[PDB]
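K.L.:
An experimental structure, sequence included, is below.
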Protein chains: 2
Amino acid sequence: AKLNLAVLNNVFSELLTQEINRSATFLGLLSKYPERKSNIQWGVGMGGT
Amino acid sequence: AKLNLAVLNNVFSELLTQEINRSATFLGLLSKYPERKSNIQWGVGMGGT
């Protein structure tokens, strides 16, 4: 018959461990640009002469 | 009939040599901590978003 076997409390501690891998490497070097249009159009030149 | 044949002192020497391996290598570098609690509780964060 313990006098504090039901009053002692369970407290965690500030030790959150980052376990999941959410990395972004190839997104991090593509030299981003703000295109506010409907579709990107440029010109490709083949031969023929 | 010899004079000092019965009266002999068998004195030892200062040559105690220990032949045991009481080494603590992996224990001696763990950066020991004191704690006063029932059990350590921390939080491991997984993914899910």
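P.N.:
Thanks, I have the structure now. Numbers count the residues shown, from 1 in each chain, chains lettered A, B, ... in the order given.
K.L.:
if I look at residue A:21, how far off is chain B?
P.N.:
8 Å (Cβ to the nearest Cβ, to the nearest Å). Backbone N, C-alpha and C define where each C-beta goes, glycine included.
K.L.:
contacting residues around that residue?
P.N.:
By Cβ atoms under 8 Å, 6 or more residues apart in numbering or on different chains, the contact list for residue A:21 is empty.
K.L.:
Now do the same for it: helix, strand or coil?
P.N.:
Here residue A:21 is recorded as coil under DSSP: H, G, I helix; E, B strand; the rest coil.
K.L.:
Spatially nearest residue to the residue nearest to the spatial centre of chain A (excluding sequence neighbours)?
P.N.:
For chain A, the residue nearest the mean C-alpha position is residue A:22 (4.9 Å; Cα atoms, centre = their mean). What sits nearest to residue A:22 in space, not counting adjacent residues and going by Cβ to Cβ, 6 or more residues apart in numbering or on different chains, is residue B:47, at 7.3 Å.
K.L.:
With residue A:15 instead?
P.N.:
residue B:42 is the one closest to residue A:15 (Cβ to Cβ, 6+ apart), at 3.6 Å.
K.L.:
Any buried residues in stretch A:20-37, and which?
P.N.:
By neighbour count with 16 or more other Cβ atoms under 10 Å in any protein chain shown, stretch A:20-37 contains no buried residues.
K.L.:
what does chain A have sitting close to chain B?
P.N.:
Counting by Cβ under 8 Å from any Cβ of the partner chain, chain A comes close to chain B at A:8, A:10, A:11, A:12, A:13, A:15, A:16, A:17, A:18, A:19, A:20, A:22.
K.L.:
at 10 Å what do you get?
P.N.:
Residues of chain A lying close to chain B by Cβ under 10 Å from any Cβ of the partner chain are A:8, A:10-22.
K.L.:
Filter those down to the ones in strands?
P.N.:
Within the residues of chain A next to chain B, residues falling in strands by DSSP state E are A:17, A:18.
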